[PDB]
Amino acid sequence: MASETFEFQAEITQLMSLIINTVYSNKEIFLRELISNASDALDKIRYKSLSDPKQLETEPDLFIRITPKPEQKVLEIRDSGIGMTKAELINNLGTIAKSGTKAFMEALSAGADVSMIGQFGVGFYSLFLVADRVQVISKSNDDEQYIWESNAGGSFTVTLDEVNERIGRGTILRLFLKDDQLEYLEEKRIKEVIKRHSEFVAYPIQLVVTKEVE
């Protein structure tokens, strides 16, 4: 499958650099932001099923699932929410201006805790606090499975997915963690962050742990 390349909207490119280069503390809130986004997407498929039930048939179970993949230095956060079409990935994750982007960059430069990022609608980008590369794999009932990929350059790619597991419906954030942020692969640390920041979630949060049989 041939990939397509897109340029980030200018302020998003600026936001990404500010996040990667000027934020030193409270990185762990990336997980809160990603859990919140997942919860949001789960709400929308659930609501959209409030007046149409066939929607859930692609993935009847509603969940958030976190999967450390230590060998690849990867952390995946999956949900069975409403998902994103190809156009939605392109529009929502880079090409269109987010209204709060500038205000957030100003706030941050003024000394704001990065925890404030969600208040501005750009919490997705907090993932760059811990990862230097990300693939967003998404399946909406309304489209085929796609892969959005960024390395915090100035452009991203979108590719029809012929390489990852089928998700019936929903989104996977595949974070390629930085070498100094591998603590987020660890069961105990993941649990701690969830308990501190994601106490009130309406959906099961599953953690996938791989143990050697001795």
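Start at 1 and count along the sequence shown; that's the residue number. So that the term is clear: the rigid core is the largest set of C-alpha atoms that superpose within 1.5 Å between two forms.
Superposition on the core shows that, in 8 other deposited structures of this protein, the C-alpha atoms drift more in one of 79-87 and 111-119; this is 111-119. Between 63-71 and 185-193, the larger mean CA deviation from the shown form in 8 other deposited structures of this protein, after core superposition, belongs to 185-193. As the entry records it, the average C-alpha temperature factor is higher for 92-100, out of 121-129 and 92-100. Looking at 171-179 and 55-63 together, the entry lists the larger mean B-factor for 55-63, computed on C-alpha atoms. Residues shown: 48, 69, 27, 32. Highest C-alpha temperature factor in the entry: 48. In this PDB entry, the Cα temperature factor of residue 145 sits in the bottom third of its chain's modelled residues, the lowest group. Ranked by C-alpha B-factor against the other modelled residues of its chain, residue 164 falls in the lowest third.
Sorting the modelled residues of the chain by their CA temperature factor places residue 157 in the middle third. The deposited CA B-factor of residue 190 belongs to the middle third of values across its chain.
In the PDB entry, residue 20 places in the highest third of its chain by CA B-factor.
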